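Trainee: my sequence and its experimental structure, below.
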2 protein chains.
Amino acid sequence: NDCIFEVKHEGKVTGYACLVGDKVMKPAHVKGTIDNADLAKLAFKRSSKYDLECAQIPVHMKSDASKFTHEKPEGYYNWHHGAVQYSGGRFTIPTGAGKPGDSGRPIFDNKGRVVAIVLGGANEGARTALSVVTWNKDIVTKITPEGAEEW
Amino acid sequence: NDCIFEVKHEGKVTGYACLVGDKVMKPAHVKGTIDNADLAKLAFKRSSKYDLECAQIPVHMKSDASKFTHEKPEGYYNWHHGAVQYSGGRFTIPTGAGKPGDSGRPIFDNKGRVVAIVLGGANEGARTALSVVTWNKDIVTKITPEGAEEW
């Protein structure tokens, strides 16, 4: 299950930066720098519309990069705090299961490949939706419910 | 499944060459010439776009050649050092199976036909990435990751 690699920033619960396929990626809104000197010296690219910051993974360590897919059938997917629901396109936690600091967590399917990265969410109890990024095979896209806040 | 035919260069650990379909194929970066004199006297074409060399198989020995396919689904594959895999659009092995001197080996599918040829790689323990040649529909191509070296 926990067959996973990621790293945090500046010695706080500053969210995570994640090795997906062939590149390191991170929320653009989370502060500081990576708590791994091997990745910290990389030259990151960024977008303030996807809220995404990214760099190529160095050749000597690509075994640590997680599998990825665009494929998102409806059902349930898994992250740091266990299962999360996906139906009507709203990645949803059944009440309160996350809070600020819960940034950058990948969402993995039932075959252990990444579909999305978490950024934040919007409270409506059992209907609590997530702000995320996910790739439509060629291109990254940002999902965001109305009334969200960042994590 | 040992239903394979090959030849080596200058009678030493100098890489390898294959009988595929109706043509010999060989790497361009390997030193010396083919061990078998009935192959070695033939006229060879070459390309630095693919690090590759080729010739027509003599009709008396064409019956000894291996079969091929363009197919590359995700999964596991056969070659002389074992443990070879295709995933994320990449061929891979664990490190111990591949090194300098082992270039020119064919990779076979689960039905015993060649899909690709090993030229070299970029090392890591669990998943070393490979430089290879392979056919797409009915045209040859080269695949090569970041930071690889020929063997």
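Mentor: Arrived safely, thanks for sending. Residues are numbered from 1 along each chain as shown, chains lettered A, B, ... in the order given.
Trainee: count the neighbours of the residue in chain A that chain B sits nearest to for me.
Mentor: Across chain A, the shortest distance to chain B (C-beta to the nearest C-beta) belongs to residue A:59, at 3.3 Å. C-beta: built from backbone N, CA, C; applies to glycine. As a burial measure, residue A:59 scores 14 neighbours (other C-beta atoms under 10 Å in any protein chain shown).
Trainee: contact partners for it?
Mentor: B:122, B:129, B:145-147 (C-beta atoms under 8 Å, 6 or more residues apart in numbering or on different chains).
Trainee: tell me the contacts of the closest residue to residue A:96 other than its chain neighbours?
Mentor: Computed as C-beta to C-beta, 6 or more residues apart in numbering or on different chains, the closest residue to residue A:96 that is not its neighbour in sequence is residue A:128, at 7.0 Å. By C-beta under 8 Å, 6+ apart, residue A:128 lies in contact with A:92-97, A:121-122.
Trainee: list buried residues within those.
Mentor: A:92-93, A:121-122 (16 or more other C-beta atoms under 10 Å in any protein chain shown).
Trainee: and those residues as a markdown table, adding distance to residue B:88 and secondary structure?
Mentor: Below are those laid out as a markdown table (distance: C-beta to C-beta, whole Å; DSSP: H, G, I helix; E, B strand; the rest coil):
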| residue | distance to residue B:88 | secondary structure |
| --- | --- | --- |
| A:92 | 29 | strand |
| A:93 | 29 | strand |
| A:121 | 29 | strand |
| A:122 | 33 | strand |
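Trainee: which of those residues sits closest to residue A:11?
Mentor: Closest approach between the buried ones among the contacts of residue A:128 and residue A:11, by C-beta to C-beta: residue A:121, at 24.6 Å.
Trainee: where does the nearest residue to the closest one once chain neighbours are set aside sit: helix, strand or coil?
Mentor: Using C-beta to C-beta, 6+ apart and skipping residues adjacent in sequence, the residue nearest residue A:121 is residue A:130, 4.5 Å away. With DSSP: H, G, I helix; E, B strand; the rest coil as the basis, residue A:130 sits in strand.
Trainee: wait, residue A:130 sits on residue A:120?
Mentor: Yes. Between residue A:130 and residue A:120 there is a contact under C-beta atoms under 8 Å: 7.1 Å.
Trainee: quick check: buried residues in stretch A:133-148?
Mentor: Buried, per 16+ other C-beta under 10 Å, within stretch A:133-148: A:133-135, A:143-145, A:148.
Trainee: what's residue A:39 sitting at in phi/psi?
Mentor: phi -100, psi -30 (degrees, to the nearest 10).
Trainee: so which of the contacts of residue A:59 also contact chain A?
Mentor: B:122, B:129, B:145-147 (C-beta under 8 Å from any C-beta of the partner chain).
Trainee: which stretches of chain A form strands?
Mentor: Counting by DSSP state E, chain A has strands at residues A:6-7, A:17-20, A:23-27, A:45-47, A:52-56, A:75-79, A:82-87, A:90-93, A:106-108, A:114-122, A:128-136, A:139-143, A:149-150.
Trainee: if we can go back for a sec, now do the residue nearest to residue A:121: how many residues are near it, please.
Mentor: For residue A:130, the neighbour count with other C-beta under 10 Å is 27.
Trainee: list the contacts for it?
Mentor: A:84, A:90-93, A:118-122, A:143, A:145.
Trainee: kindly report the residues of chain A close to chain B.
Mentor: So chain A meets chain B at A:21-22, A:56, A:59-63, A:67-68 (C-beta under 8 Å from any C-beta).
Trainee: residue closest to the middle of chain A?
Mentor: residue A:117 (2.0 Å; C-alpha atoms, centre = their mean).
Trainee: so it makes contact with residue A:105?
Mentor: Yes. Using C-beta under 8 Å, residue A:117 is in contact with residue A:105, at 7.3 Å.
Trainee: residue A:98: how many residues sit nearby?
Mentor: 19.
Trainee: give me the number of residues near the closest residue to residue A:150 other than its chain neighbours?
Mentor: Using C-beta to C-beta, 6+ apart and skipping the chain neighbours, the partner closest in space to residue A:150 is residue A:120 (4.2 Å). Using other C-beta under 10 Å, residue A:120 has 22 neighbouring residues.
Trainee: residue A:120 pairs with what?
Mentor: Beta-bridge partners of residue A:120, counted by DSSP bridges, are residue A:131, residue A:150.
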